[PDB]
Structure formats: structure tokens, C-alpha cells
Amino acid sequence: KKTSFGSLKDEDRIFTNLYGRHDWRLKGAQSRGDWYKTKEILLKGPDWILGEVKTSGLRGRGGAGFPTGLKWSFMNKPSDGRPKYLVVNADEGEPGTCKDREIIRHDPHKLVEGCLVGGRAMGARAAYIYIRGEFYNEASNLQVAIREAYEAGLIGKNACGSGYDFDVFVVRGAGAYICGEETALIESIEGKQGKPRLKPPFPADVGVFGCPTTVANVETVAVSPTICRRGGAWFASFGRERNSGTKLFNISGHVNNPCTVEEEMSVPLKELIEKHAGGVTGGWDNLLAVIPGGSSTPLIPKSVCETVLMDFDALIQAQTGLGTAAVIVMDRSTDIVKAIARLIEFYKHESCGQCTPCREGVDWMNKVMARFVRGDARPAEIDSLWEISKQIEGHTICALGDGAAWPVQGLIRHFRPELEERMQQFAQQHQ
Amino acid sequence: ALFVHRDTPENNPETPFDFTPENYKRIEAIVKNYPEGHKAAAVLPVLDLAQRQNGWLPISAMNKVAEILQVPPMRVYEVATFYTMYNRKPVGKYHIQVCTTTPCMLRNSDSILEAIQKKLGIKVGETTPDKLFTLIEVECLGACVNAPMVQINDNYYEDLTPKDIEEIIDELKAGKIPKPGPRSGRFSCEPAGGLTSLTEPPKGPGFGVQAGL
Amino acid sequence: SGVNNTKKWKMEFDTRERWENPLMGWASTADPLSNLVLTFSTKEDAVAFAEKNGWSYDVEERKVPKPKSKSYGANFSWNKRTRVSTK
Ligand SMILES: Cc1cc2nc3c(=O)[nH]c(=O)nc-3n(C[C@H](O)[C@H](O)[C@H](O)COP(=O)(O)O)c2cc1C
Ligand code: SF4
Ligand code: FES
């Protein structure tokens, strides 16, 4: 069995047009292997397609990491009279995360083909793609690719000459991070405020327009055709156990070369920064902390970044999570309190306001953290702030409440001395 | 930043608004994207369309979309106020939107913000006296690795320095349309200094396909 | 919404005249039973008390809220009118 992960070869990379150095339109994508033998895949049936996703070990790439094959099989049932839909989550709102953008604008035909194959596995009649409204130029690229697929018979009536009917629709957001939440996305497509629904019912029973629905991330949908062509076993030969496959990474912050790159799951975080991002600005020893999977994940200090792997289970044991695998690097000259406070301000601006612990609690944590930045607090407030975040976490309708509590807890967990020190500075300045 | 409406001479229910004949055909295609009996799903795309025609949404524009889709006006008012991309007050010809969230803040988006204010003379949230520009901070725009970045209308201008953004304002003042994308030495999201991946020629159709199709 | 004041039976007497005190305008009464309210576990206990004291009485049957069928999922109906236009 494999033991060390990384050094992904170019022949085993899925998004082979990540940087846009090749023609993104149909002609280029087909020449790179997209849309190949899709008819053969469709005619093998939904049970076969769902089997390959299950074996591949694929897990949701939107932030929660649920096993994709098991989740998609929820819709593998007979029709009860209603249409069935696939909703592709291209909202791409989590701060630090910009991977889904490159797929839409440079690899659009993998997303369109993934919609058809993934849509077949679920028995869905059409796919609605929800792309955030700020991605106007990327939404326009996606529409052009969709028209090309329609004009070649790949999607629509008798898709790929398969006897299966499939429409791909693009619907644009209007500026709301919460609409990336799976049920808040559905409510937005239906024309309401982007406010999450409680569960149950689950989307696979009552979804968009009250119909069976699956919400899947762009990267999750855009790798299924390759998983079917090359086999789930090939995909399962990467990463650790229950952390299979290749993964797109965004390295931003205080690195020499911020970039988006594909890499193997379970790659060491140190290796990913050094090999692809050109190292931490000022040398590895200048590293202060890393937010490894988007603003929703807790930060981790340099002493934990030395050996930590980049996968769902390795980061969970480091008291964080892989999330969207968006690495934000903070070197030793960062004001760590201010950086986290700016994240709580973001969550304050993004809360939908529906439910009490987030509508009131997140705003409350924002005010406390603004004072913590200046030191205008007492040390006893640190434990109060921890307890407040625990009242938000696990008590809200959606996970945005959890995603606002975790970054606060990560800060207090690893940088309490910096919090207490700053309060002591403020107290002496005003004595 | 007020979520109640008070009628004014330039913003009241009698304020003239209607879609162009061309925009009524676009609305028809928007409505057909959704199941019959759920035309309310078209509220977001149709309000956005009215904003593109008019530049902002007067209360009469919201009242018009409500009528065309047979939706209560209040339910249209809820969508307009909820989503931040809808402009309920007029904005300048160029709506500059600087990202200030942490990944961009770490790459000194403060300098970009300061440069725009210094060049235009305005503050965040204000419109220039000639009504050409409007300036606001926004949350993450999904271009984090290309920070610091701004969005002016539908275009992203990325990897900015104070000099770069100042030039972009100059090009806009002259009526020109600056090229979007990074203003640094790269094209999109690739590492600066040469690619660390995807340097082989991509494998063509059929590569690595399991037997049995 | 609390229901904790609808558990026990009560006995009250008919309301009689109240008039305004000429000096101060306070509410005067000549009814010694104006404030008399008695609590009972059951209707039978209240009726037994009223009989032995010789009071004519009226019994009103208890009103229990009818059971309801609640479905959150009904808010998002595909084809029924229960689909809500806002949340
Ligand atoms: C506040 C919030 C924002 C989210 N934004 C996104 C997003 O932008 N893109 C995404 O794929 N998932 C997002 N999610 C996660 C989705 O709710 C959901 O888990 C995901 O789309 C499921 O797809 P997957 O199984 O392929 O990951 C968000 C969740 C929350 C709570
Ligand atoms: S947790 Fe926040 S964003 Fe989620 S439903 Fe509650 S108020 Fe809305
Ligand atoms: S933090 Fe600015 S684009 Fe993401």
C-alpha cells in the first residue's frame, strides 16, 4: 500500500486545463478526453454509475465531505410523479476558495458532462447550475459551452444518442454567501430569500420546486465523468483510506506564489506550500498560522503545520477540517487577532438573519472581537466569548452558525496569550 | 443602507419604468427555464435584468417585475433588499467593488482602497460629483489567490498594486475599457514564476479507460 | 401561548353592580362575592361543592384544542397551495 502522498503526475490530473493554456471550448475539451464514450457510460445505467462513484471514495468537495456515492444513491428510486433535478453548487463563496471558478471558465465541458452523467445516476431530468452573480464572465463561458453541447446533441433531446433527455440550466445569484448552503441555494432558485430550510425534509425528498433534488459541488460533479471513464479504483489509488482522489487547492495569503493547483489528497501541508506556492513569505520559519480549508475552518499554528497532512481525517485530528481545501497562510507579521476579526465581520455581513443564535450571536461575537483587536476588554471575556460561540454552534438552522464559531474557537485555542497580552497593553496605555 | 422605502420625486411608484421590447423577449426565455406553475422562480433573474436596463431598481421597477410574474410586490421587495448586488439607489457608471476580506486583506487591499480614494477624492460608499464612479468594500469575490482584486461592473481586475488601480481609473475616465484579469505578470490563477504542474501535453481521447467501456 | 392556567376548574359568581365613589371615583361594590373564585380538580368536585352550598350553577364543558397535523415539508409543496411565498 502507498504511504506517502503527493507529487501528482500530469497524466493523473483531472482538470488538465486548470490554467487556461488550452482552448476551453468544445473542440479543445473533446481533444483532451472530455465527452468521450459518454453514450457508453449512460447506457450502463444508474446503478453502475453510482457503483463507480461509491468505489472511487469520492467525498463532497463543497466543504462538508459527505461520501458522494452514498449521497447520490438517495435519489435512486422510482418516480412518484414529480420531476427529479440535479442542482450544481457553483456559488463559490467561502473566503479563500476560488477553485470552482477555474473549472467553470477553463474546464466548462467537464462540468456540463458531469451534469449529464451525474444527472443520469440520479434519474434527473435536468440540471440547474447556481453560479454566484459576481461571476458574470465565467457564467458567460459556461453558457457558451452549454450551447455547444446542445448544438452537437451531447445534451438535450436524446443526449449523446443515449435515449436520455437532459437540460442544463444556468441561474445566477445576486450576491449572498449564504446561498451556497444547499437548502438556501434551493430557496434562491425558487425566487425567495436565500434562507436555509430545516431538515427534514431532506432535499432528496422535497427539494427545488418541492421535487427530489441533489445539491453537488462543482468539483464533485466535474470529476465523475473521469471517475467513470478511468474507473473508481484508479481514483481510489490516491490519498489515504477514506480520503481518496485528487483535490484542487487554493494557496493564498503570505506565500511567495499564491496559486490554484491540483494535488493528491493527504499531501503534507508543508510540501504543498513549498512545492507549488513557492514557500511562506520570508521562509518557512516566518509562518505564524494557516487557515487550511477556508475561513470556516479553525486556524492551526506553525507547530501543527510542520507534519499535518491535507485530508479530511488528518485535519479533523488537528482540530480543524479540510473544508474547501483553501489554504490561507499568515506569516509572523500578521496581526492574527485582526485577521480573525475580519472573518467574523464577514460572517456578520453574510448571515441570513433567519434564526436567533446566528442573527444575534454572530453580531455579538463581531462586537466582542472588534474590542479584542484594540485590547478594550477584560481577560474574563475570553471565556465568555468561547461559551458564546458554543451556544451558536450546533443550535442554528444551517452550518453558517457553526462556521462563525469555529474560527473564534481556533483563535482562542492557539492564541490566547496574544489576546491576553493585548488587553494588558491597552490597560496600561489607559492608566 | 436603509431597508425601508420613502417615496421621493425621483423614486416613487409613478416613476416611469418599463422593459424594452427587446427585454421582454429575454424575460420570456428566463421564465421558460422553470416548471409551469412556478414562475416566481424568475424573480431574481428578472430584477437583475431590470437593473441592467436601468442601472438601479426604483420602487416602480420592483412593482413592474411583481406585476409581470404575478407575484405580490412585497415578495419582490424582499428579494431586492436581501441580495446585495441589487442597487436600490443610483450608482455611478462604474461601480468599483474592492474586496477587503482576510485573504485579500493579507495582500494589502488597504493600499488599493486608499489609492482609489486618493485618486477619486471620495470615500467608501460615495459617488463622485460627476456620477462616474461609486466605491464600496465587498466580501470575498472568489478570486482570492489573485488578491488584491477589485470588480468594476462585470469585470475582475486582479493582482493589483496602487499604480495598477490608478491606471485603470485613468483608462475609464477616458472612456476606454481596460482589459480585465491580473495586472501582474501572469494570465489567471497559475503560480507566478512558471508552472509547477500541467506542463506535459494533455492526454487525448481514450487515455486510461477501464476495459468494458 | 402558555397553557398552564387552563388545567383546573374554577367557580365564579355573577357580576353585580359597581359604582363610582363620590369622593374619589373609586369603584365601590355591595357584593360580598365579587372577588370569590374557587379552584377544583374536576367538574364533579365543583358541582358537588355548589350543591351542598345551595347555589344555582352553570357548567361549561372543557375546551381542549383539537389535535393538528403539522408538516414543515408542506411549506415547499410541488403542487399544493400550502407552498409558502416567504420564510
Ligand atoms: C454558509 C455556507 C456556504 C456554503 N457555500 C458553498 C459553496 O459555495 N459551494 C459549495 O459547493 N458548497 C457550499 N456549502 C456546502 C453546501 O451546503 C453543501 O454541503 C454542498 O454543496 C454539497 O455538495 P458536495 O457534497 O458535493 O460537497 C456551503 C455551506 C454553508 C453552510
Ligand atoms: S445560522 Fe445564520 S445563515 Fe444559517 S439559517 Fe440561521 S441565521 Fe441564517
Ligand atoms: S478574500 Fe478577496 S477575493 Fe477572496
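Heavy atoms only: backbone and side chains are in, while hydrogens, waters and symmetry mates are out. Sequence lines set the chain letters: A, B, ... in the order given, protein chains first and strands last, and positions in each chain run from 1.
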Checklist entry - Just how far is it from atom CG of B:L213 to atom CH2 of A:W48, taken to the nearest 0.5 Å? => result 8.5 Å
Next on the checklist: For A:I328, which atoms come within 4.5 Å of any heavy atom of chain B: side chain, backbone, both, or neither?
Outcome noted: side chain
Item to check | Partner chain A: residue of B:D159, B:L198, B:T102 with the largest heavy-atom pair count (under 4.5 Å) | outcome: B:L198
Next on the checklist: I'd like to verify something: which residue of A:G231, A:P83, A:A176, A:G96 has the highest number of heavy-atom pairs under 4.5 Å with chain B?
Outcome noted: A:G96
Next on the checklist: Are the side chains of A:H106 and B:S188 in contact, using a 4.5 Å heavy-atom criterion?
Outcome noted: yes
Next on the checklist: Could you tell me if the side chain of B:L141 sits less than 4.5 Å from the side chain of A:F135, heavy atoms only?
Outcome noted: no
Checklist entry - Just how far is it from atom OG of B:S197 to atom CG of A:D10, taken to the nearest 0.5 Å? => result 6.5 Å
Next on the checklist: Is B:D48 in contact with chain A via its backbone, its side chain, both, or neither, using a 4.5 Å heavy-atom distance?
Outcome noted: side chain
Next on the checklist: Strictly below 4.0 Å, N to O, side chains only: are B:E200 and A:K9 in salt-bridge contact?
Outcome noted: no
Checklist entry - After noting the C-alpha distance and the side-chain angles of A:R229 and B:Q210, does the key distance pass the side chain to side chain contact (heavy atoms under 4.5 Å, CB included) rule? => result CA-CA 6 Å; A:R229 267 190 287 275; B:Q210 66 191 332; over 6 Å; no
Item to check | Residue, of A:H276, A:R105, A:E40, that accumulates the most heavy atom pairs under 4.5 Å with chain B | outcome: A:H276
Checklist entry - Which value, rounded to the nearest 0.5 Å, describes the distance between B:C189 atom SG and A:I251 atom CD1? => result 10.0 Å
Checklist outcome for this item: Bottom line for B:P45: the part with an atom under 4.5 Å from chain A's heavy atoms is neither
Next on the checklist: Can you confirm whether A:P95 sits close enough to B:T101 that some side-chain heavy atom of one is under 4.5 Å from a side-chain heavy atom of the other?
Outcome noted: yes
Checklist entry - Is it the backbone or the side chain of A:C352 that comes under 4.5 Å from a heavy atom of chain B, or both, or neither? => result both
Next on the checklist: Shorter than 4.5 Å, heavy atoms on both sides: which option in A:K44, A:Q30, A:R132 has the most such pairs with chain B?
Outcome noted: A:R132
Checklist entry - Measuring heavy-atom distances to chain A, does B:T81 have an atom under 4.5 Å in its side chain, in its backbone, in both, or in neither? => result neither
Checklist outcome for this item: Shortest non-hydrogen pair, A:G253 vs B:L106, comes out as CA-CD1, 4.1 Å
Checklist entry - Pick from B:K203, B:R186, B:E78: which one has the most heavy-atom pairs with chain A under 4.5 Å? => result B:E78
Checklist entry - chain B heavy atoms under 4.5 Å from A:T260: which part of the residue, side chain, backbone, both or neither? => result both
Next on the checklist: Please report the interatomic distance OH(A:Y136) to CE(B:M85), rounded to the nearest 0.5 Å.
Outcome noted: 10.5 Å
Next on the checklist: Which atoms of B:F207 are under 4.5 Å from chain A, going by heavy atoms: the side chain, the backbone, both sets, or neither?
Outcome noted: both
Item to check | Side chain / backbone / both / neither for A:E187 at chain B, heavy atoms under 4.5 Å | outcome: neither
Checklist entry - Distance from B:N146 atom CG to A:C98 atom SG, nearest 0.5 Å? => result 6.5 Å
Next on the checklist: With chain B as the partner, which of A:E92, A:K37, A:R13, A:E350 has the greatest number of non-hydrogen pairs under 4.5 Å?
Outcome noted: A:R13
Item to check | Residue B:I30 versus chain A: region with a heavy atom under 4.5 Å | outcome: neither
Next on the checklist: Using a 6.0 Å cut-off, check whether atom CZ of A:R125 has over 12 heavy atoms from anything other than its own residue.
Outcome noted: no
Checklist entry - Checking side chain to side chain contact (heavy atoms under 4.5 Å, CB included) for the pair B:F82/A:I178: CA distance, chi angles, key distance, verdict? => result CA-CA 11 Å; B:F82 185 88; A:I178 184 60; 4.0 Å; yes
Checklist entry - For A:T281, is it the side chain, the backbone, both or neither that has a heavy atom under 4.5 Å from a heavy atom of chain B? => result neither
Checklist outcome for this item: Among A:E134, A:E190, A:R172, A:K275, the residue with the most heavy-atom pairs under 4.5 Å to chain B is A:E134
Checklist entry - Aromatic rings B:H38 and A:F209: how do their planes relate, parallel, tilted or perpendicular, breaks at 30° and 60°? => result tilted
Item to check | Interchain contact, A:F169 with chain B, by part (heavy-atom threshold 4.5 Å) | outcome: side chain
Checklist entry - With only heavy atoms counted, which part of A:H349 is less than 4.5 Å from chain B, the side chain, the backbone, both or neither? => result side chain
Checklist entry - Which atoms form the tightest heavy-atom contact between A:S31 and B:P205, and what is the distance? => result O-CD, 3.4 Å
Item to check | Taking every non-hydrogen atom, the tightest pair across A:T97 and B:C144 | outcome: N-SG, 3.8 Å
Item to check | Region of B:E190 in contact with chain A, defined by heavy-atom distances below 4.5 Å | outcome: both
Item to check | Nearest heavy-atom neighbours spanning A:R342 and B:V138 | outcome: NH2-O, 4.2 Å
Checklist entry - Who wins among B:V43, B:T199, B:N33, B:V46 for the most heavy-atom pairs under 4.5 Å with chain A? => result B:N33
Item to check | Contact class of A:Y347 relative to chain B, heavy atoms under 4.5 angstrom | outcome: neither
Item to check | Flag, side chain of B:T84 to backbone of A:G175, donor-acceptor distance under 3.5 Å | outcome: yes
Checklist entry - In Å, rounded to the nearest 0.5 Å, how long is the span from OG1 of B:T100 to CD of A:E345? => result 6.5 Å
Checklist outcome for this item: Nearest heavy-atom approach of A:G194 to B:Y83 is N-OH, 3.0 Å
Next on the checklist: Taking side chain as everything from C-beta outward and backbone as N, CA, C, O, which of these in B:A143 sits under 4.5 Å from a heavy atom of chain A? Side chain, backbone, both or neither.
Outcome noted: both
Item to check | Short N-O contact, A:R101 and B:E158, less than 4.0 angstrom | outcome: yes
Item to check | Modelled atom types, side-chain donor and acceptor of B:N155 and A:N137, under 3.5 Å | outcome: yes
Item to check | Structural part of A:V329 lying under 4.5 Å from a heavy atom of chain B | outcome: backbone
Item to check | Within 6.0 Å of CD in B:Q70, more than 12 heavy atoms from elsewhere | outcome: yes
Item to check | Interface moiety of B:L44 toward chain A, non-hydrogen atoms closer than 4.5 Å | outcome: side chain
Checklist entry - What are the two closest non-hydrogen atoms of A:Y128 and B:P35, and how far apart are they? => result OH-CD, 3.9 Å
Item to check | Max heavy-atom pair count under 4.5 Å with chain B, selected residue of A:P258, A:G93, A:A277 | outcome: A:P258
